[PDB]
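S.K.: Please find one structure pasted underneath; my questions will follow.
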Amino acid sequence: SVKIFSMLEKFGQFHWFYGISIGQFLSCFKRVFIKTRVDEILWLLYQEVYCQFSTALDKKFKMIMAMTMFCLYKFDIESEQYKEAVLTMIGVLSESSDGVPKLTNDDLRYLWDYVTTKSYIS
């Protein structure tokens, strides 16, 4: 929750319309319960935060937020090789770094099928 809220504040810092108050955030966190129990709560929190707050962002920032939350969840939930693959992919897409992920993990394989075919929006 702390990580997500910090991300939301950083989004708010780029435009006067994107500011996020703690009130709505805590209301969404309550909505999680209103609608591996701890894992379920965490996943529901990510889902509900995205659903409630993506409507206040534009196209570019919605995709940026989607990628950011995917990473914030998976990087700590999943193993280190998953993390390093996803980081390699963000580096490839951003044109900041080249590389080939270790694929043994079919979601990353599909993402790599996209980047190799230049299916960037995909």
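Just remember, in the structure tokens the first chain shown is A, the second B, etc., residues are 1-based per chain, and ligands are 1-based in the order shown.
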Enumerate as a VMD selection string all residues of range 7-108 of chain A assigned to alpha helix (DSSP H) by DSSP on the backbone, naming them with the chain letters and numbers the document uses.

M.R.: chain A and resid 7 to 12 22 to 34 37 to 53 59 to 77 80 to 93 106 to 108

S.K.: Can you tell me, as a list in words, what residues are no more than 9 Å from residue 88 in chain A when counting only C-alpha atoms, ignoring any on the same chain fewer than 2 positions away?

M.R.: residues 83, 84, 85, 86, 90, 91, 92, 93, 97, 98, 99, 100 and 101 of chain A

S.K.: Would you export the selected residues with C-alpha atoms as a compact mmCIF listing (two decimals), in the first residue's frame, please?

M.R.:
# COMPACT_ATOMS: atom_id res chain seq x y z
CA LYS A 83 12.14 -9.71 -12.24
CA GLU A 84 15.32 -9.56 -14.32
CA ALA A 85 13.43 -10.61 -17.45
CA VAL A 86 10.80 -7.90 -16.95
CA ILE A 90 11.42 -2.42 -19.96
CA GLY A 91 14.97 -1.54 -20.99
CA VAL A 92 14.35 -2.88 -24.50
CA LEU A 93 11.05 -1.03 -24.91
CA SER A 97 19.22 -1.30 -23.10
CA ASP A 98 19.35 -4.39 -25.33
CA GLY A 99 19.24 -8.04 -24.28
CA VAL A 100 17.50 -11.40 -24.44
CA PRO A 101 15.48 -12.72 -21.47

S.K.: Give me, as a list in words, all polymer residues having an atom no more than 8 Å from residue 29 in chain A, counting only C-alpha atoms and skipping those fewer than 4 positions away in the same chain.

M.R.: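 These residues fall inside the cut-off: residues 25, 33, 45, 48 and 49 of chain A.
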
S.K.: Using only C-alpha atoms, which residue out of A:50, A:19, A:67, A:89 lies closest to residue 116 in chain A?

M.R.: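 Of A:50, A:19, A:67, A:89, the one nearest residue 116 in chain A, counting only C-alpha atoms, is A:89.
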
S.K.: As a count of residues only, please: the residues near range 1-7 of chain A (cut-off 10 Å, only C-alpha atoms, same-chain neighbours under 3 positions excluded).

M.R.: 19

S.K.: Could you work out how far CA of residue 74 in chain A lies from CA of residue 118 in chain A, giving the answer in Å with one decimal?

M.R.: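 Between CA of residue 118 in chain A and CA of residue 74 in chain A the gap is 24.2 Å.
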
S.K.: Would you work out the distance separating CA of residue 39 in chain A from CA of residue 71 in chain A, expressed in Å to one decimal?

M.R.: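 According to the coordinates, CA of residue 39 in chain A and CA of residue 71 in chain A are separated by 16.1 Å.
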
S.K.: If you measure from CA of residue 78 in chain A to CA of residue 115 in chain A, what distance in Å do you get, rounded to one decimal?

M.R.: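 Straight-line distance from CA of residue 78 in chain A to CA of residue 115 in chain A works out to 22.1 Å.
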
S.K.: Out of A:30, A:109, A:15, A:35, which residue has the shortest atom-to-atom distance to residue 56 in chain A when counting only C-alpha atoms?

M.R.: A:15
